[PDB]
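Read the structure below first, then the notes.
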Amino acid sequence: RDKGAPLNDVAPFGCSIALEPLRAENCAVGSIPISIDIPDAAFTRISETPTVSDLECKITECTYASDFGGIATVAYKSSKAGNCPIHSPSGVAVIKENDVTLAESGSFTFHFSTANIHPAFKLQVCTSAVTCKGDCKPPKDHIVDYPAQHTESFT
Amino acid sequence: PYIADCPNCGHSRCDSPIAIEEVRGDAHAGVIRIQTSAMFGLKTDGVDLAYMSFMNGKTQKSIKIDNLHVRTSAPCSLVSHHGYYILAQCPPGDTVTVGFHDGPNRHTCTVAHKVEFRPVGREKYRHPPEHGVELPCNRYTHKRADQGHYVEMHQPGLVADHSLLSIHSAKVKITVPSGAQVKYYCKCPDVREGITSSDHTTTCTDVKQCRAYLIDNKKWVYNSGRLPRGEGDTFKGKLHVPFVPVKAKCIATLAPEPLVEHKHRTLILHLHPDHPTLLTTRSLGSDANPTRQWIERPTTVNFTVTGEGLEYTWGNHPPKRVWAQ
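Chains as they are written, first to last, in the authors' numbering: chain A, 246 to 400; chain B, 501 to 825.
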């Protein structure tokens with residue numbers, strides 16, 4: 246009753262604690278150089294996924310925010326029809342969808358989140374790059390847990 | 501049922517059988533474990549925990565528990581008795597004040613001991629509620645089937661009993677309880693040990709200069725500080741404690757929910773507790789910048805939340821978290 250406060254209430258860089266193996270959970274700080282050896286069986290050979298090039302990408306309502314409020318239609322121009330994994334190799338944009346299904350050259354919006362007013366991020370739709378350039382809008386409603394954006398830089 | 505010297509026994513220092521030692525207001529659940537020098541529980545022989553054996557005279561009195569009263573600043577609530585020992589749910593109190601009613605007399609015993617009951621949690625109540633979260637308090641059991649510790653309980657030393665030292669019409673006359681061992685001599689020169697039946701005293705005459713003693717070690721005792729040593733030996737009598745402190749989850753505290761209010765990277769929080777609540781936070785940057793303050797008075801507070809996040813702990817209510825981009 247004349248103590249000090251607990252490290253799960255005074256620590257830095259975001260940790261939680263247990264009287265358990267004496268861990269300090271979930272300490273969000275810095276980076277980790279991670280490397281994986283995938284099973285080659287899990288790969289799909291390149292000649293079986295649709296080639297998607299001759300496409301077009303554009304935002305439609307980009308939300309300059311944390312939750313995946315950023316969206317963008319993509320004028321998919323496929324060869325076959327099927328799945329197509331997606332990612333922005335630039336860390337500007339973080340995407341909710343890992344994979345998008347494709348008919349023969351349709352269009353499918355995805356969700357994302359950014360931190361720069363003019364998100365000029367590449368999007369790699371299963372070996373087809375594209376700039377989803379545009380402009381974003383600030384939100385209004387910021388009191389709930391932690392983000393998916395985590396990409397703040399010079400903007 | 502041992503008898504010792506109660507400190508403020510109604511009037512002043514008597515010798516009560518319920519002489520209170522080892523008050524333990526160290527748990528959380530409104531409970532204190534106490535030791536009387538009296539051994540209530542079963543009778544002298546074999547029956548019914550809910551009966552009542554203290555010492556009257558050299559003798560026990562194994563009868564009903566009818567009107568026990570532990571109390572403090574307010575009257576406590578009994579929880580359970582076993583052996584010398586009682587558990588009772590008490591409020592806080594500067595003292596502890598115990599007593600039954602034999603029926604002809606109040607016959608209580610009282611003692612000093614600093615008592616409090618913080619519940620476990622960042623809420624500093626004065627008392628356990630009916631509701632709220634459960635979380636790991638420290639507390640004593642209801643039960644007796646208990647071995648987690650044991651305290652030494654070897655013999656009694658002698659005791660005084662000048663009811664023995666009658667007069668043989670000119671000489672001071674000792675007797676014996678049941679053939680017990682009476683340790684005897686007087687300031688004058690006469691019988692010097694005393695291991696006897698009822699003796700007389702050839703030499704001295706006055707009752708007030710003789711050794712009225714009772715080596716009656718047919719039943720061991722608690723090793724109270726208010727015991728005279730049995731000088732002969734450390735006899736056996738290792739004996740358990742019933743009321744072990746256990747990891748009960750007390751029905752426990754909870755503070756009323758906060759009023760969350762948005763501002764630009766800032767939480768205004770109009771706040772309004774029931775009791776003093778320790779609030780605290782952790783700005784999750786590697787700059788921690790935490791805060792602590794017991795809040796009992798309702799207060800609108802503020803928190804400069806950063807970009808990456810903050811967390812928020814309204815008492816033992818679970819920790820919240822917040823994105824303030």
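Even for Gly, the Cβ is constructed at its ideal location relative to N, Cα and C.
Thinking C609 (chain B) and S516 (chain B) are a contact (beta carbons under 8 Å), I'd like their distance in whole angstroms, please.
As a working mapping, residue 609 (chain B) is identified with position 109 in the second sequence. As a working mapping, residue 516 (chain B) is identified with position 16 in the second sequence. Confirmed, about 4 Å.
Under 9 Å Cβ-Cβ, which residues of chain B neighbour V339 (chain A)?
As a working note, residue 339 (chain A) is residue 94 in the first sequence. What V339 (chain A) touches in chain B: nothing, since even the nearest Cβ is about 14 Å away.
Could you give the residue range of the beta strand (DSSP E) that holds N556 (chain B)?
To locate residue 556 (chain B), count along the second sequence from 1; it is residue 56. Counting along the chain, the beta strand (DSSP E) containing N556 (chain B) begins and ends at 551 to 556.
For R711 (chain B), which option in B:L759, B:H601, B:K687 has the closest C-alpha, if you only look at C-alpha atoms?
Position 211 of the second sequence, counted from the first residue, corresponds to residue 711 (chain B). The shortest Cα separation from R711 (chain B) among B:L759, B:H601, B:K687 belongs to B:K687.
Any C-beta of chain B within less than 7 Å: which residues of the region 367 to 396 of chain A qualify?
Against chain B - using a Cβ distance shorter than 7 Å - the residues of the region 367 to 396 of chain A are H387, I388, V389, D390, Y391, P392.
In chain B, which residues lie less than 7 Å from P266 (chain A) when you measure between Cβ atoms?
Residue 266 (chain A) sits at position 21 when you count from the first residue of the first sequence. What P266 (chain A) touches in chain B: nothing, since even the nearest Cβ is about 18 Å away.
Nearest to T354 (chain A) by CA position, among A:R290, A:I277, A:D390, A:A320, is which residue?
Looking up residue 354 (chain A) in the first sequence gives position 109. Selected option, being the one with the closest Cα: A:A320.
Output yes or no for whether 8 Å exceeds the beta carbon distance between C302 (chain A) and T359 (chain A).
Position 57 of the first sequence holds residue 302 (chain A). Position 114 of the first sequence holds residue 359 (chain A). No, these two residues do not count as a Cβ contact at 8 Å.
Mind checking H654 (chain B): buried by the 16 CB within 10 Å criterion, or exposed?
Here residue 654 (chain B) is taken as the residue at index 154 of the second sequence, counted from 1. Counting Cβ neighbours within 10 Å, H654 (chain B) comes out buried, since at least 16 surround it.
Against chain A, does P745 (chain B) count as a neighbour if the rule is that its beta carbon must be under 8 Å from one of theirs?
Against the second sequence, residue 745 (chain B) aligns to sequence position 245. No, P745 (chain B) does not count as interfacial toward chain A.
Nearest CA to the CA of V615 (chain B): which residue from B:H601, B:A574, B:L714?
As a first step, residue 615 (chain B) must be located in the second sequence, where it is residue number 115. Closest option to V615 (chain B), Cα to Cα, is B:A574.
Using a 10 Å radius around the Cβ and a threshold of 16 neighbouring Cβ atoms, would you call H775 (chain B) buried or exposed?
On the second sequence, residue 775 (chain B) is found 275 positions in, with the first residue counted as 1. The residue is buried, with at least 16 neighbouring Cβ atoms inside 10 Å.
Taking Cβ positions only, does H762 (chain B) come closer than 8 Å to chain A?
Taking the first residue of the second sequence as 1, we reach residue 762 (chain B) at position 262. Chain A contact via Cβ: present.
Taking C-beta pairs closer than 7 Å, name the residues in chain B that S311 (chain A) reaches, listed in chain order.
Against the first sequence, residue 311 (chain A) aligns to sequence position 66. Those within 7 Å of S311 (chain A) in chain B are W823, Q825.
Please list the partners that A263 (chain A) has in chain B, where partner means a Cβ-to-Cβ separation under 8 Å.
As a first step, residue 263 (chain A) is located in the first sequence; it is residue number 18 there, counting from the start. Correct list: empty, because the minimum Cβ distance to chain B is about 12 Å.
Report all residues from its chain with a CB closer than 8 Å to the CB of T766 (chain B); omit the five preceding and five following residues, and keep chain order.
For the purposes of this step, residue 766 (chain B) is taken as residue 266 along the second sequence, with counting starting at 1. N802, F803, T804, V805, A824.
Would you say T800 (chain B) lies against chain A (beta-carbon separation less than 8 Å)?
For the purposes of this step, residue 800 (chain B) is taken as residue 300 along the second sequence, with counting starting at 1. Answer no: the Cβ-Cβ gap between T800 (chain B) and chain A never drops below 8 Å.
Evaluate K378 (chain A) with the Cβ neighbour count: other Cβ atoms within 10 Å of its Cβ, from every protein chain shown; 16 or more gives buried, anything less gives exposed.
Counted from its first residue, the first sequence places residue 378 (chain A) at position 133. Flag for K378 (chain A) reads exposed.
Which residues in the same chain as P728 (chain B) place their Cβ atom closer than 6 Å to its Cβ, once the five residues preceding and following it in sequence are excluded?
Taking the first residue of the second sequence as 1, we reach residue 728 (chain B) at position 228. Excluding positions up to five away in sequence, the list reads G657.
Using a Cβ-Cβ cut-off of less than 8 Å, give me the residues of the region 778 to 812 of chain B that come near chain A, in sequence order.
Within the region 778 to 812 of chain B, the residues whose Cβ lies closer than 8 Å to some Cβ of chain A are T780, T781, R782, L784, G785, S786, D787, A788, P790, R792, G807, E808, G809, listed in chain order.
Excluding the five sequence neighbours on either side, which residues of its own chain have a C-beta within less than 7 Å of the C-beta of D690 (chain B), listed in chain order?
Here residue 690 (chain B) refers to the residue found at position 190 when the second sequence is read from its first residue. If we look at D690 (chain B) and ignore the five residues flanking it on each side, its Cβ neighbours are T701, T702, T703, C704.
Can you find at least 3 beta carbon pairs, one from the region 738 to 756 of chain B and one from the region 614 to 632 of chain B, that sit closer than 8 Å?
Segments in contact, yes.
Going by DSSP, what residue range makes up the beta strand (DSSP E) through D254 (chain A)?
The residue you call residue 254 (chain A) lines up with position 9 of the first sequence. Where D254 (chain A) is concerned, there is no enclosing beta strand (DSSP E), although the alpha helix (DSSP H) it sits in stretches over 252 to 255.
Do the region 256 to 272 of chain A and the region 784 to 802 of chain B touch if we need at least three Cβ pairs shorter than 8 Å?
The region 256 to 272 of chain A, when compared against the region 784 to 802 of chain B, does touch it at the 8 Å Cβ threshold.
What residues from chain B crowd round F258 (chain A), counting only those whose CB sits closer than 8 Å?
In the first sequence, counting from the first residue as 1, residue 258 (chain A) sits at position 13. Result: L784, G785, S786, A788.
What are the complete beta strand (DSSP E) segments, minimum 3 residues, inside the region 587 to 621 of chain B?
DSSP runs (the beta strand (DSSP E)) wholly in the region 587 to 621 of chain B: 593 to 599, 608 to 615.
Report the neighbours of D254 (chain A) on chain B: residues whose CB is nearer than 8 Å to its CB, in chain order.
Within the first sequence, the letter at position 9 stands for residue 254 (chain A). Ordered by position in chain B, the residues that pass the 8 Å Cβ test against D254 (chain A) are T780, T781, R782, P790, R792, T813.
Would residue 861 (chain B) and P758 (chain B) qualify as a contact pair, given that the criterion is a beta-carbon distance under 8 Å?
Residue 861 (chain B) lies beyond the range of chain B shown here (501 to 825); nothing can be said about it.
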